Amino acid sequence: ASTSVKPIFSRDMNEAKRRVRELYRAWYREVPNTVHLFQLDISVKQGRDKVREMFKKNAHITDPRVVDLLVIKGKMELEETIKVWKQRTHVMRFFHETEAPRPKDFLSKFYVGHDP
Amino acid sequence: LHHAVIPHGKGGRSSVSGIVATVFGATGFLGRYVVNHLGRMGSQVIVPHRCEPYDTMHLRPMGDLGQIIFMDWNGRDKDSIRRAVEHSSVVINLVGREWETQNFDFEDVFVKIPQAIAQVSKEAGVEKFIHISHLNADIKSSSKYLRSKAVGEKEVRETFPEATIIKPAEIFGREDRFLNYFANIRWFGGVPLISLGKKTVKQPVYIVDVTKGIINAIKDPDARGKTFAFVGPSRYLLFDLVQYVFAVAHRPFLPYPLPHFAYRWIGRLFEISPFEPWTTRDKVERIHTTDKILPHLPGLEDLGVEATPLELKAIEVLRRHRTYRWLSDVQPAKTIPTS
Amino acid sequence: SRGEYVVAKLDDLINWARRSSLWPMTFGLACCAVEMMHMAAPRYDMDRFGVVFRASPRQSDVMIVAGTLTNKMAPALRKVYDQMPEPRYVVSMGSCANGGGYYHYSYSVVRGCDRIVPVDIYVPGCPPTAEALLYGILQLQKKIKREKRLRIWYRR
Amino acid sequence: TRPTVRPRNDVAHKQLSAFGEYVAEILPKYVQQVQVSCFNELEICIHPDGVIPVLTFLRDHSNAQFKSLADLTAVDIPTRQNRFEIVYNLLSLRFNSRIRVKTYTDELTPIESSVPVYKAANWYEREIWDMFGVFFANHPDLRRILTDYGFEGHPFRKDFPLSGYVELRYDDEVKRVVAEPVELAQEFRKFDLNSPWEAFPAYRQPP
Amino acid sequence: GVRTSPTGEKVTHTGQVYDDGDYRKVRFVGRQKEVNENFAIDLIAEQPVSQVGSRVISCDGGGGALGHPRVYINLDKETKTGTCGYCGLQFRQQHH
Amino acid sequence: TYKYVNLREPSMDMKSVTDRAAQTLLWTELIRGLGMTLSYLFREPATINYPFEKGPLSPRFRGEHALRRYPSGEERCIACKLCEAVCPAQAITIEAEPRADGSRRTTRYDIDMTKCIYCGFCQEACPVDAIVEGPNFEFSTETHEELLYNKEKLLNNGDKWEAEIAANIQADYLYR
Amino acid sequence: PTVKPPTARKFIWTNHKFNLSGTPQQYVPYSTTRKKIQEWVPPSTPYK
Ligand SMILES: NC(=O)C1=CN([C@@H]2O[C@H](COP(=O)(O)OP(=O)(O)OC[C@H]3O[C@@H](n4cnc5c(N)ncnc54)[C@H](OP(=O)(O)O)[C@@H]3O)[C@@H](O)[C@H]2O)C=CC1
Ligand code: SF4
Ligand code: SF4
Ligand code: SF4
Ligand SMILES: [Zn+2]
């Protein structure tokens, strides 16, 4: 009635999580190629840790429709890296190498400015 | 009161950090990274220059509209120094050449000029003053580059008692003349080395580490009147440091020993060049001067800077010396244990 | 002689050659590129000033950024700039390349090409007339004429 | 007749009304509402499941022959449960007429892809996904078309800010173009322009 | 008129000038500060007061449609002169 | 009504076929295109001698901005901010306050000439002909910061181009 | 101008100046407004 919704690809978290793992392996196997094709200065260890970091931000989702969209955006991002539609600048934007470390504790945030 | 400019913003390009810095020698190698860091947080930077205005164009994109201001100055004109520093709150000195010209010698660029800048800075009310010396500065050293370094270092400390003095080791980076120097020796076949490089120990440091230390010395109020010593986290034999460089570049490494006098005779030959000499007798002495261990001076960890290993950042410096793209690795050179 | 005299005259010669044989590399991006074409048309004929119609990055001496620089295009512009042999000058043409112009506040536009490359002449207008761009090029030639590369070397 | 008022064409208002009922009687399973505007444009409001049946009928039926997809776009109205309105504009060269077909979806419900009906809907649906995030199922190649690679968010949504979240710059330390949080030397100035006095009584809503 | 501050910087017609210790003065080193020499408050003070013989006079700045919107100025008060709100021309009534 | 651009059938008589064979083997149409480029060689070129000759303009030309004055030297601008409201690129910034004599005048008047789309809407909106676009189009600069005009820069343009600006307005104000 | 001279006015430049870019006479932007917030000046004389 009110909770009846059309699905994207997956009908329950079991099928959804299946697609997540298929995506994780695809990204895991690709990092060595990306670090070598783009001549990146990072190591393969950092590349796979960054992939893990992106998968663990969304570990709290429980809506299969939302999980499907996260995977769909993941496959598009993967296709842009395998086919080299991206460039070395785009790949290195997951690491934020030019931004200073913004403080996370109350005192430091209090000294610099008014933002919480 | 007419200072403490009250920084505003989120520490970005269009923010205001409250630093008005006059960076002498901003058009070289170390200056290229200091202006970049100062301008990355919205700092007012005054850049005196002696070169052609065309040679300062790589600095303009480093700051927001109106933040980088260029002026003419002359090393022997105290008035031109007065104009550049009278509005600033920190003066950074990076002047220095690796060879002697027909109009400036090691005495002029490492003793007189740093003394003139320091004296004028004092008389203008500049609070902070950063001066760069060498780790191996000593008045009993064969290299005349390092003898005048020690004289100037002490001469600044008297004129500006509250000045901060930094003493880095050899610095490696994209525009360096340390790793890039151990790659163009291939032009002459083998790689000469005094005592085969087994009698020399080097402790290279990363350019960005030196840059982040300078910035943090400006903000830190405890760095006034305090001397420092920046060094990387590993010591190397000159042989295995040069061996590593040729391995990363995939070039054929052919070393052969050479007596000290012979190496200085070829050094004499290259100094004849009326342009930037490829090498000099002073370059041979410093490259073969074992880096001092100064355990009584604070290092980079006292400024909150984690030293970057030379293995991590050696590839980016030496990629352009390879003769292939996508070659396909090199193992680290042995690190001399501490103590 | 004095040495300075010889250096002064050599500076004039090399400056004369460089400002008399400018070969631009037009980055025709948006509407400002149509006016750049009209500066090559018969009425103005930039070829008569020594400015060839077009060239490739390896044989070009001046880049003319004429149009809106998007975030998707900025990396491409920088790589072309880095591959120009030196001396290399940049001319920023129009409000879009100067400071963002009509699309200054858009999410997808670089606010002035000077955030990506160093600029030498800023030509205003939306678009600048083909005469304004010609005035900009002639102003760059005077800037090259004032260069003192060899004098400063002699006093090093 | 008044020189300054648009003349009213009553004949074309009558014809499009008849065809609107005609279409509503032939596809009752999907059509939810049919209206004609005062400048003679007809709108058919359908259920999102009827995208393929309705468009196929209007393209193939002898009395419709709408063989050109003029435009396919979307509109974002956050006050609705289904915030996305997918609009199809069609043209019949045979009968020299135009019709507009509208449906609705939300962030998570995928609409069916009309590439099998009109091959022109290929890129238009890539533009909708890129700028609004509406997913079209069974699309041959669905990906961003107008935004920068790696762009996060869907710019044409009403809640996406005008200047965005990141801006590009060249950094000389890393020797490449980097992205950083956006800061503006001059904040965009917002103008409150609406007059507090009602202008068009004919469109007044119930209290 | 144009006047100089103790440090030597010219004061603009709006009253703007940088303090002695302000760091923003460094933008003028090797360059100049652009100030208009024709302060408008002084020039409009040099115009004679026009004598008219009616209670209400109208001003349009001169030039007809090249001027400013036409405004009618009341002149009953005899302790001051009616002033045009757009252009600043003053008017006075003839001894009454 | 319509016409056929390319609906033709070549004649197949031996006379016409031989004509096409002569064209194929003797390059007749190619040698007829050389004549058109030979004639242009002997026509006078259309190039003007810049900067000693200038392309024609008109009184309505939209060029560099300028703040104007009344003939008495008073500023025309009365800080109404209509130009700021209609500028489609938001390139005008204005602050105001009563002047020492009590008049309504501006303290800040900035035009960011790198945002401006040189459209003219500011001189249409102005009710006192204070902001105009003069005829200057030769004001390119070597720095971005020189194209951020403030009120002092704009009044200098008006005091510098008033002889010409006043004439152009005289020749076009009856069309407005 | 010889046949039809322009209207003369007292505030018009009597000496034309050309493009001054790249010279010590170049225009340099600045804020024409005065300071908005005034801070408190502490007393010059002690208390205890
Ligand atoms: N590079 C390294 O490995 C080390 C650096 N240092 C010292 O720190 C400082 C940083 O130098 P660095 O950037 O690394 O190397 P650079 O040689 O590239 O620095 C050159 C800078 O100093 C200027 N300069 C040289 N001579 C003069 C002079 N007579 N008058 C005016 N300016 C002059 C140059 O101006 P211009 O370009 O116009 O000629 C330029 O701005 C130096 O003192 C250096 O000795 C200490 C230990 C290691
Ligand atoms: S500045 Fe004007 S003419 Fe030039 S590209 Fe931008 S909008 Fe088009
Ligand atoms: S011409 Fe148009 S864009 Fe430029 S300042 Fe005037 S209103 Fe704004
Ligand atoms: S519209 Fe005219 S009078 Fe009003 S603020 Fe703008 S320039 Fe001044
Ligand atoms: Zn008036």
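Proteins get letters first, then strands, A, B, ... in listed order; numbering begins at 1 in each. Whatever order the structure lists ligands and atoms in, that order sets their numbers, starting from 1.
- Among all heavy-atom pairs drawn from F:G73 and F:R69, the shortest one is O-NH1, 2.8 Å.
- Between atom 43 (O) of ligand 1 and the options B:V95, C:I152, B:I132, the minimum heavy-atom separation is to B:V95.
- Ligand-side atoms of ligand 1 in range of B:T27: 35 (O), 36 (P), 37 (O), 38 (O), 40 (C), 41 (O), range being under 4.0 angstrom from any heavy atom.
- Residue-ligand proximity, B:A169 to ligand 1, at heavy-atom distances under 4.0 Å covers atoms 47 (C), 48 (C).
- For atom 24 (N) of ligand 1, the nearest protein heavy atom (residue, atom name, distance) is B:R50 NH2, 3.8 Å.
- The atoms of ligand 1 that sit less than 4.0 Å from any heavy atom of B:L94 are 9 (C), 10 (C), 11 (O), 22 (O), 42 (C), 43 (O).
- Geometrically, ligand 1 and B:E98 share no nitrogen or oxygen pair separated by less than 3.5 Å.
- Every atom of ligand 1 is numbered from 1 in the order shown, and the set under 4.0 Å from a heavy atom of B:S133 is 46 (C).
- Listed by number with element, the atoms of ligand 1 under 4.0 angstrom from any heavy atom of B:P168 are 47 (C).
- In terms of N/O distances under 3.5 Å, ligand 1 is approached by B:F29.
- If you check the side chains of F:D101 and F:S103, you find a donor sitting under 3.5 Å from an acceptor.
- Residue-ligand proximity, B:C51 to ligand 1, at heavy-atom distances under 4.0 Å covers atoms 38 (O).
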- Query: Are B:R60 and C:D114 close enough, and set up right, to give a salt bridge (charged side-chain N to carboxylate O under 4.0 Å, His left out), and what steps lead you there?
  - Reply: CA-CA 8 Å; B:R60 307 185 94 88; C:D114 57 351; over 6 Å; no
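- Residue B:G96 has at least one N or O atom closer than 3.5 Å to an N or O atom of ligand 1.
- Scored by the ring-ring contact (aromatic ring centres under 6.0 Å, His included) test, C:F27 finds no partners at all (sequence neighbours excluded).
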* To do: I would like to know whether F:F139 and C:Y135 meet ring-ring contact (aromatic ring centres under 6.0 Å, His included); could you show each step before the answer?
  => CA-CA 9 Å; F:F139 60 106; C:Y135 180 91; 9.1 Å; no
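- Here E:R70 pairs with nothing under the salt bridge (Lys or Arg N to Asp or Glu O under 4.0 Å) rule; sequence neighbours left out.
- Taking a 4.0 Å cut-off on heavy atoms, C:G101 fails to register as neighbouring ligand 2.
- Within the protein, the N, O or S atoms lying under 2.8 Å from the Zn ion (ligand 5) are E:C59 SG, E:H68 NE2, E:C84 SG, E:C87 SG.
- Compare B:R177, C:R156, B:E52 by their heavy atoms: the one nearest to atom 15 (O) of ligand 1 is in B:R177.
- When each atom of ligand 1 is checked for a heavy atom of B:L30 under 4.0 Å away, the hits are 10 (C), 12 (P), 13 (O), 14 (O).
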Under 3.5 Å, sequence neighbours excluded: what are the donor-acceptor pairs made by side chains of residues 80-87 of chain E?
unit_1, atom_1, unit_2, atom_2, d
E:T81, OG1, E:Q90, OE1, 2.8
E:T83, OG1, E:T81, O, 3.3

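- Shortest contact from atom 3 (O) of ligand 1 to any protein heavy atom: B:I171 N, 3.5 Å.
- Atoms of ligand 2 found under 4.0 Å from any heavy atom of C:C126 (numbered from 1 in listed order, with element): 1 (S), 2 (Fe), 3 (S), 7 (S).
- For a distance bound of 2.8 Å, the N, O or S atoms of C:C96 include one lying that close to atom 6 (Fe) of ligand 2.
- When only non-hydrogen protein atoms are considered, atom 8 (Fe) of ligand 2 lies nearest to C:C31 SG, 2.3 Å.
- Residue B:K149 has at least one heavy-atom neighbour below 4.0 Å for each of these atoms of ligand 1: 7 (C), 43 (O), 45 (O).
- Compare B:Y145, B:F110, B:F178 by their heavy atoms: the one nearest to atom 45 (O) of ligand 1 is in B:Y145.
- Closest heavy-atom approach to atom 34 (C) of ligand 1 among the candidates B:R97, B:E276, B:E175: B:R97.
- Within the listing of ligand 2, atoms 5 (S) sit less than 4.0 angstrom from a heavy atom of C:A30.
- In terms of protein heavy-atom proximity, atom 4 (Fe) of ligand 2 is closest to C:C32 SG, 2.3 Å.
- Pairing each heavy atom of B:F178 with each of B:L241, the nearest pair is CZ-CD2, 3.5 Å.
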